[PDB]
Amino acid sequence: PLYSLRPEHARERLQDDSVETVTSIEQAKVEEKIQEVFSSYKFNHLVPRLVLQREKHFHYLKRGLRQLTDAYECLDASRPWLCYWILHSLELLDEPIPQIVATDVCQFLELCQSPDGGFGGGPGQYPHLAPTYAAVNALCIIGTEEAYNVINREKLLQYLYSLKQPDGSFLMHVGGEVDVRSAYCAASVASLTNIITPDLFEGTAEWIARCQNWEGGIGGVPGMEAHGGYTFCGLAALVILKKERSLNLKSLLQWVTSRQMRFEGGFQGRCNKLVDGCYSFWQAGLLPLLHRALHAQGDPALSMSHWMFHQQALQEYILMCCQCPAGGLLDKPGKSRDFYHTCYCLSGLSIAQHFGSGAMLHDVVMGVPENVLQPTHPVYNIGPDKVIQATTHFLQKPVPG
C-alpha cells in the first residue's frame, strides 16, 4: 500500500562500500532518522494513515499573515516573500483571502514598492528582484483590480533595465550580485505584467544556458555546481522566453530525476547532499517543465498520466516526514517549521498529485482524499487560474513605450 513501508524498500538504504566520509555518515544519519518515522506505525502497532493537517497548517498561516514573533527578525528584509509564501500556501489549501486582508496586503506591498521601480524587502527598503518577484506573485494570487494597479509597470520595466548586463544576465539589485535567480525573477514579473520589450531579454537565454554544466543541471553562475534552486530558475526562465531548446534537455532530465532519494522519497538539491522538503518543488517542479518542453518538441514517448519522478514516494516523504504536528511544514524530521518550507512543501505536494499534458489529466492522492490540494502552475508557482487571469489583464495595456 505505502511504497516507503514495503519490505523491499529496506534495500534502498545507503551502501557506503565500507568507505566512510562526511557525506556517507551524514546521509546515513538522516536515513536512520527517516526509517524511524516509516517504522513508527509497525512499532506502535497502528495502521498508517497519511493525513495532511489542513486545520493546523491553516491556523499557523492565518496568524503569520498578520503577525510574527522576533524569531523572524531575520526576514525583516523579506516581507513580500512572507506575503507570497503564506498567501500561496493558503491558496494551495483552498482557503479564501478575506477582501479586507487582501486590501491590507495590497496596501502593504505599496509601501514596499520603490519610487524608481520594483519592490523592496519592506517599507523604505531599496528595490530587489527577489522581493519584486514575491510581491508581483502575491498581488497576482489576490488577483483584484486593486492588486494589479499596485504595480507601477513603467517603473518596473525601467528598474529591470537598470539591472540588465551586456552578457545577458541581470543584477539582483543595484550594486548587487548576479546569478540565474535574477533571470527568472525578471522574466517572471515582466511576462506577467506584459512589459517585455524586444531587447529586454537580449542574450538572457544564452547566458542561462552557459550555466548548464557537465552534471546536466544548472548552477548559479557559469562554472558552478548544479543546484535544484538555480536549475528551476533557469529552465522556468527559458520556458517564459520560449527558449528551452537552448539547453541539453536530455542531460537535464537525467540529472533532476537522479536527485530523488531512493530511500527517503524526497529530493536533494545537489548530488551527494541531503534530502529537503522544499526541493519537492524546486526539483520535482522541473518535471512538468521538461514534460511540456519535450512535448512541444514533439516527443512521442512522454507518459500520458504521470510526471517523470516517483509521485507516490514524494507524497509519502512530505506527508510522513515534513509536517509539524503544530502546523506548518519543514525540511526533514528534526528541523524547525517555517513559512518558506511550508510554501514549497505544499507546492511540491501539489505537483506530485496533479498531472496534465494537454487534454490528459490524471491525479494521485496518497492518504485520505481530503489531502488533495489546489493545482499550481509549474512556472510561476501560483494558481494556473491566477496566471491566466493576470496575463489576460495586463495584455489590456500596451508594453511601456
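Residue indices: 1-based, along the sequence shown.
Higher average CA B factor: 193-201, of the stretches 213-221 and 193-201. For the pair 119-127 and 98-106, the record assigns the higher mean C-alpha temperature factor to 98-106.
Of all the options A28, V368, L61, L346, the entry's greatest CA B-factor is assigned to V368. Comparing the listed residues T144, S169, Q283, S162, the entry records the largest Cα B-factor for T144. Annotation for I382: CA B-factor lies in the middle third of the chain's modelled residues.
When the modelled residues of the chain are ordered by C-alpha B-factor, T23 sits in the lowest third.
Residue-level temperature factors show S40 in the highest third of its chain, judged at the C-alpha atom.
Ranked against the other modelled residues of its chain, the C-alpha B-factor of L294 as given in the entry falls in the highest third.
In the deposited entry, the Cα temperature factor of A236 places it in the lowest third of its chain's modelled residues.
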